[PDB]
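Asks: Mind having a look at this structure? Questions to follow.
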Amino acid sequence: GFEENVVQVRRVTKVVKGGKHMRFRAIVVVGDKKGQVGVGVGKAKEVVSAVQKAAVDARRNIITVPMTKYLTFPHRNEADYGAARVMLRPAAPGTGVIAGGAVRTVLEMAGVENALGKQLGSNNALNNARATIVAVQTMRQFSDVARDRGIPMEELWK
RNA sequence: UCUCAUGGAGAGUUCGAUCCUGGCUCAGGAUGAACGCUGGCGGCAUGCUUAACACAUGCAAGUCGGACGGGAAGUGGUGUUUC
Ligand SMILES: [Mg+2]
Ligand SMILES: [Mg+2]
Ligand SMILES: [Mg+2]
Ligand SMILES: [Mg+2]
């Protein structure tokens with residue numbers, strides 16, 4: 001139970017005999033601001049019903065984002081999703097969230113308050129937003145590296 | 001849980017609609033600036049990017065008499081002296 005925001009709304013058509021069925025395509029991103037990031041797509045004849053379907057589809061797939069004590073990424077990472085490549089790096093405190101439209105919301109709704117990102121591929125919000133999820137799933141904390149490597153955290157800081 | 005990092009935002013347009021590819025356009029900052037409308041003061045700076053085209057007028061490199069000969073002025077037409 002938490003809030004959501006519409007990332008994009010777009011009308012799609014049909015070429016039936018009599019005319020055209022103009023129905024909406026709603027992309028919705030869901031985030032509690034404390035991890036629990038979700039991306040979903042919905043489609044319906046009405047605007048409101050399309051947002052509801054995307055909300056269920058976004059809540060159908062939720063993933064936590066690794067963050068640090070200062071609400072930043074542990075390290076930089078890139079990802080690709082079709083023709084959509086997205087870039088991410090950590091940032092200093094007080095820097096703020098700066099990124100493209102599709103990338104700002106999914107990070108802004110995640111909880112990270114200080115980071116930066118850039119998209120190097122297509123301008124599609126869907127293909128770019130999903131790339132962010134692929135980017136964050138592949139990142140971890142320093143502790144996860146230590147247990148999977150057999151070296152303490154202080155020894156790696158050197 | 002250290003420290004480093006003070007730094008990379010996009011948007012619209014091909015299609016009935018979608019995902020791509022690829023050009024065009026915009027949001028930023030700067031100027032030896034110019035034009036338009038408007039206009040109170042102060043401080044620090046700047047001011048022919050074109051015809052290295054042609055130029056009236058005035059000035060912009062003179063100085064030493066303690067290097068020398070002469071000359072002039074003044075004075076009591078005499079000494080010192082000034083030019
Ligand atoms: Mg870009
Ligand atoms: Mg059209
Ligand atoms: Mg000149
Ligand atoms: Mg001499």
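Every number here is computed from the coordinates shown, using simple stated rules; none is lab data. Positions of Cβ are backbone-derived with ideal geometry, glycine not excepted, and every protein chain shown enters the neighbour counts.
Asks: Scan segment A:93-127 for residues that are without any contact (Cβ under 8 Å) to a residue 24 or more places away in the chain and either of a type in the set (A, V, I, L, M) or within 7 Å of RNA strand B (Cβ to nearest atom) (or both) and report the count.
Replies: 8
Asks: Right, something else. For a quick check of your reading of the model, give me the residue pairs whose first member lies in segment A:72-89 and is free of Cβ contacts under 8 Å to residues at least 24 places away in the same chain, whose second is part of a strand (DSSP E or B) and among the hydrophobic types (A, V, I, L, M, F, W, C), with beta-carbon atoms closer than 9 Å and at least 6 apart or on different chains.
Replies: Close Cβ pairs (under 9 Å, with a partner that is part of a strand (DSSP E or B) and among the hydrophobic types (A, V, I, L, M, F, W, C)) amount to A:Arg76/A:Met87; A:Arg76/A:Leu88.
Asks: Could you grab me the full set of residues in segment A:10-25 that are in contact with a helix residue (DSSP H, G or I) (Cβ under 7 Å, 6 or more places away or on another chain) and either within 30 Å of A:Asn114 (Cβ to Cβ) or polar (S, T, N, Q) (or both)?
Replies: none
Asks: Among the candidates A:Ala58, A:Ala50, A:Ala26, A:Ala54, single out the residue that is in contact (Cβ under 8 Å) with a residue 12 or more places away in the chain, part of a strand (DSSP E or B) and more than 10 Å from RNA strand B (Cβ to nearest atom). Step through it out loud before you land on a result.
Replies: Values: A:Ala58 fails: part of a strand (DSSP E or B); A:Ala50 fails: part of a strand (DSSP E or B); A:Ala54 fails: part of a strand (DSSP E or B).
Matching residue, one of A:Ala58, A:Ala50, A:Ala26, A:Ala54: A:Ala26.
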